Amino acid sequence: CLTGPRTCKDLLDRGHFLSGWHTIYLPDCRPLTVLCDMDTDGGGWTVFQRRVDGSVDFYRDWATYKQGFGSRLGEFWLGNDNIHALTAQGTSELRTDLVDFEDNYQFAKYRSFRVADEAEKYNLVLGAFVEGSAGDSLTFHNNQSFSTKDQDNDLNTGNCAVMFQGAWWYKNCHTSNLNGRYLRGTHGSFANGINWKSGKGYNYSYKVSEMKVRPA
């Protein structure tokens, strides 16, 4: 690197006009292949989580969220080292794109988004809600560790992850649960869906969810 591309924004600027898997060089100069959203909100986004059809188990242990899981063809989670590697110098706006089972689109936009290395538990450190029709359902979670069903760092007696069946920056427990189960719309189970509270509440699992970052 030094010669190559360092962000999706960079690849947009080089005239990569369609979304897809391209290879950016991280700050450590290691190469990572990522999904570039070249479209939404003027494009240039590096997509780090994607749900879209129910095909992948997001109910995953710590190691599995450390490395990343899923498929390039479908849903995935880029992995918590990669995510940290991504947002750990400079600063990255965060966007969250949601789409329901009727194609009513919603988003939410934050001015900075960054996350701790494994040691500091991949602690979330989020800036300021900018806008978006889904409302703020991410600030609540600011300054929290990341947990999973086999690694509890939550401020609730029990296991937020085990009870709401996800992986997240879980306090007591959440307002957002984008890694929860794919429950395809209305659900009677309580909050263990792909949920964004201000978005569509604790009983409705979105059809698409995307979380992405561009350099501000």
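All residue numbers refer to positions in the sequence shown, first residue = 1.
Averaged over their C-alpha atoms, the temperature factors of 31-39 and 153-161 are higher for 153-161. Stretches 75-83 and 129-137 differ in mean CA B factor, with 129-137 having the higher one. Across 46, 55, 49, 186, the greatest Cα temperature factor reported in the deposited entry is at 186. For residue 2, the recorded CA B-factor ranks within the highest third of the chain. Only modelled residues enter the ranking.
The PDB entry assigns residue 94 a C-alpha temperature factor belonging to the middle third of its chain's modelled residues. Among all modelled residues in its chain, residue 63 ranks in the middle third by Cα B-factor. For residue 173, the recorded CA temperature factor ranks within the highest third of the chain's modelled residues. Per the PDB record, residue ranking by Cα B-factor puts residue 211 in the lowest third of the chain.
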